[PDB]
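Novice: Begin with these chain(s), straight out of the complex:
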Amino acid sequence: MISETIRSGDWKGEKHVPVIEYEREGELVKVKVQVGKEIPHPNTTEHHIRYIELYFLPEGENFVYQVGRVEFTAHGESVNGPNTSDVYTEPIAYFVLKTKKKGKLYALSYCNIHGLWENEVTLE
Amino acid sequence: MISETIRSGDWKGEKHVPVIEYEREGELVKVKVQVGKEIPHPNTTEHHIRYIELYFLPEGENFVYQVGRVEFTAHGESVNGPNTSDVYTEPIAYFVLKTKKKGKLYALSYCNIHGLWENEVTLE
Amino acid sequence: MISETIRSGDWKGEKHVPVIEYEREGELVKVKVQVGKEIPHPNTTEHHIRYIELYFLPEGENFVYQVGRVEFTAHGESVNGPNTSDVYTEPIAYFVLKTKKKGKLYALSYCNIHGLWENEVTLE
């Protein structure tokens, strides 16, 4: 199963586990997900976080919903060689979710050489 | 764990599990992944397969690689209402992978109302 | 040319043109792109903004770089019918760009029934 390729862990001391944080404002839920909170993850042409996806499984429901996907596509690559463009997209993803439901939020991130990583938090 | 939202077994009545098939030609591995092979999954504005992702974990290695992602973006929507454009993208994905390695291939797919689905096959 | 399918205009009078705003903080450039600033764009199962992409062409250079892509994937769809999930992803995209270069930022957004839309701003 695919779960055997997905890693998780303590974000407070790592650099791969996506950290999920949110702030509820009325019917709006602003979610921030990032890799490399405590320890910045490298962002080079050879080693970088490709994307972060956010999912939401409402409490008591059977099917998870993909809320969004953020792809970080600039990693220094240029005609002058790797790490020469001075253009890098940091692995920080923001999602504005409109819902009055509660449940669980899951984040799935992919490092180009270190596989898949996950994390989750309860959405009160 | 996000895996708690991923199903690997179809329920009788609707096909969701992405079926993986491949053909090895020299250094090339042609992979076909599809949802609803014989009995098609619905493809309406309201209910459809959004995408299929292909992953490869080489034998004996520790990090899975994302081979590709195919998004099926047309589902009949139009200014004249849902299911009126006569333009639909079928959930059939093809990937041309160049590798001489062996291992396991995983497929992850998403139904807009039925969550995540997975499958895997051994790449010999 | 694909440009014949891309529309542009005044966001103060329309509701499809992606509005670009940024803030330069040290070596970081925080870019906010959104559709429906003045006039909120519908976000229903039948009619919604699918994604917003950000591009950067550094001053004096020949090749544009894709900075990122944000996909808004929840639009009310559920097993209970269209617009019944109470889960919607608003078309607001945030990008954290690390660069000391100046140039032009382009935004490309896609509405599921109203085609492609663009906008641009000078990154000073």
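Specialist: Here it is on my side, so go on. Numbers count the residues shown, from 1 in each chain, chains lettered A, B, ... in the order given.
Novice: hey, where'd the strands end up in chain A?
Specialist: Taking DSSP state E as the criterion, chain A carries its strands at A:6-7, A:19-25, A:28-34, A:49-58, A:65-72, A:88-89, A:92-98, A:103-111, A:115-123.
Novice: Highest mean neighbour count across those strands, which stretch is it?
Specialist: Among the strands of chain A, the stretch with the highest mean neighbour count (mean count of other CB atoms under 10 Å in any protein chain shown) is strand A:88-89, at a mean of 26. (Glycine included, C-beta is placed from N, CA and C.)
Novice: what does that strand contact?
Specialist: A:43, A:72-76, C:67-68, C:95-99 (CB atoms under 8 Å, 6 or more residues apart in numbering or on different chains).
Novice: cutoff 7 Å now
Specialist: The contact list for strand A:88-89 (CB atoms under 7 Å, 6 or more residues apart in numbering or on different chains) reads A:43, A:72, A:73, A:74, A:75, A:76, C:67, C:68, C:95, C:97, C:98.
Novice: Just want the most central residue of chain A.
Specialist: With distances taken as CA atoms, centre = their mean, residue A:52 lies nearest the centre of chain A, 3.2 Å away.
Novice: any idea how far chain B is from the nearest residue to that one once chain neighbours are set aside?
Specialist: Leaving aside its chain neighbours, residue A:52 sits nearest to residue A:93 (4.1 Å; criterion: CB to CB, 6 or more residues apart in numbering or on different chains). Between residue A:93 and chain B the computed distance is 16 Å (CB to the nearest CB, to the nearest Å).
Novice: Who does residue A:93 form a beta bridge with?
Specialist: residue A:33 (DSSP bridges).
Novice: these two touch, right, it and residue A:33?
Specialist: Yes. When contacts are counted by CB atoms under 7 Å, residue A:93 is listed as touching residue A:33 (4.6 Å).
Novice: Can you give me the end-to-end span of stretch A:82-100?
Specialist: End-to-end span of stretch A:82-100 (CA to CA, to the nearest Å): 45 Å.
Novice: what's the most distant pair in the contacts of strand A:88-89?
Specialist: Across those, the longest distance by CB to CB is 16.0 Å; it joins A:76 and C:95.
Novice: which residues touch the residue lying closest to residue A:110 once chain neighbours are set aside?
Specialist: Using CB to CB, 6+ apart and skipping residues adjacent in sequence, the residue nearest residue A:110 is residue A:50, 4.8 Å away. Contact analysis of residue A:50 by CB under 7 Å, 6+ apart lists A:71, A:72, A:110, A:112.
Novice: What of residue A:111?
Specialist: A:16, A:49, A:117.
Novice: One more: residue A:71?
Specialist: With CB under 7 Å, 6+ apart, residue A:71 has these contacts: A:50, A:51, C:68, C:69.
Novice: Export the contacts of strand A:88-89 as TSV, with columns for distance to residue B:39.
Specialist: Below are the contacts of strand A:88-89 laid out as TSV (distance: CB to CB, whole Å):
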residue	distance to residue B:39
A:43	45
A:72	38
A:73	37
A:74	43
A:75	42
A:76	47
C:67	42
C:68	38
C:95	42
C:97	46
C:98	49
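Novice: sorry, back to before: nearest to chain B, of the contacts of residue A:50?
Specialist: In terms of CB to the nearest CB, no member of the contacts of residue A:50 lies closer to chain B than residue A:110, at 5.8 Å.
Novice: Another chain to add, chain D:
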Amino acid sequence: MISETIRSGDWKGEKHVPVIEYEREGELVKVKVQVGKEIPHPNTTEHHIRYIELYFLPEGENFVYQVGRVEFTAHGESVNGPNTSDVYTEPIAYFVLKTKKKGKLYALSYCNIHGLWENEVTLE
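Specialist: Same chains as before, plus chain D:
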């Protein structure tokens, strides 16, 4: 206009323009899009084709439809260095479109260091 960053003609020496080919079978239109058909475009960790998108504008209509998007995500990167994984995703995209309409098909591709490229063909 973003079109000022999109090229439609290759320069001798490197293939970038996505070549579109299709086959009509009943209500199904099988579309194949590829970069570097005759002369392969590089596919290294430092230089590679990131994705190909397919669009369809039905004859006489005003809004283009995105048919699909294929992301080629493996480019040799590994913990053992750039170009060491022996896993590369070739820039060949296949789309199965269900439609009885005619019109124009557009392809948009992106090289990580050579910007955006386009091409189009009439769907008879």
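Novice: Re-run the earlier check on the contacts of strand A:88-89 with chain D in the model.
Specialist: Identification of contacts with strand A:88-89 by CB under 7 Å, 6+ apart yields A:43, A:72, A:73, A:74, A:75, A:76, C:67, C:68, C:95, C:97, C:98.
Novice: Go ahead and confirm the second one touches residue A:49.
Specialist: The reference is to residue A:72. Yes. Using CB under 7 Å, residue A:72 is in contact with residue A:49, at 6.0 Å.
Novice: Find residues that contact each of the two.
Specialist: residue A:91.
Novice: picking up where we left off before, would you quantify the distance from the residue nearest to the centre of chain A to chain B?
Specialist: Here residue A:52 is placed at a distance of 13 Å from chain B (CB to the nearest CB).
Novice: now do residue A:90
Specialist: Residue A:90 is 20 Å from chain B, by CB to the nearest CB.
Novice: OK, contacts around that residue?
Specialist: Shown in contact with residue A:90 (CB under 7 Å, 6+ apart): A:43, A:72, C:96, C:98.
Novice: mind running it again at 8 Å?
Specialist: Residues near residue A:90 by CB under 8 Å, 6+ apart: A:43, A:72, C:28, C:96, C:97, C:98.
Novice: Pull the most distant pair out of the residues you listed.
Specialist: For the contacts of residue A:90, the maximum inter-member distance is 13.5 Å, found between A:72 and C:28 (CB to CB).
Novice: Now residue A:28. Nearest residue, chain neighbours left out?
Specialist: residue A:98 (5.9 Å).
Novice: The one you found reaches residue A:27, doesn't it?
Specialist: Yes. In this structure, residue A:98 is within contact of residue A:27 by CB atoms under 8 Å, at 5.6 Å.
Novice: Residue A:82 - how many residues pack around it?
Specialist: The tally of other residues near residue A:82 (other CB atoms under 10 Å in any protein chain shown) stands at 18.
Novice: Distance of it relative to residue C:7?
Specialist: Residue A:82 sits 37 Å away from residue C:7, going by CB to CB, to the nearest Å.
Novice: got it, and residue A:6?
Specialist: As for residue A:6, its distance to residue C:7 is 40 Å (criterion: CB to CB).
Novice: again, but for residue A:88
Specialist: Applying CB to CB to residue A:88 and residue C:7 gives a distance of 31 Å.
Novice: Alongside chain C, which residues does chain A contribute?
Specialist: A:28, A:43, A:56, A:58, A:63, A:65-74, A:79, A:85-90, A:92-101 (CB under 8 Å from any CB of the partner chain).
Novice: show me what contacts residue A:37?
Specialist: Residues near residue A:37 by CB under 8 Å, 6+ apart: A:11, A:19.
Novice: What are the phi and psi values at it?
Specialist: Dihedral pair for residue A:37: phi -70, psi -70, per degrees, to the nearest 10.
Novice: hmm, back to that, okay, and the beta partners of the residue nearest to residue A:28?
Specialist: Under DSSP bridges, the beta-bridge partners of residue A:98 are residue A:28, residue C:88.
Novice: Quick check: residues of chain A near chain D?
Specialist: A:45-47, A:50, A:73, A:77-79, A:81-82, A:85, A:112-114.
Novice: Please pick the buried ones from those residues.
Specialist: Neighbour counting by 16 or more other CB atoms under 10 Å in any protein chain shown classes A:45, A:46, A:47, A:50, A:73, A:77, A:78, A:82, A:85, A:112, A:113, A:114 among the residues of chain A next to chain D as buried.
Novice: and of these, the nearest to residue C:106?
Specialist: residue A:73 (13.4 Å).
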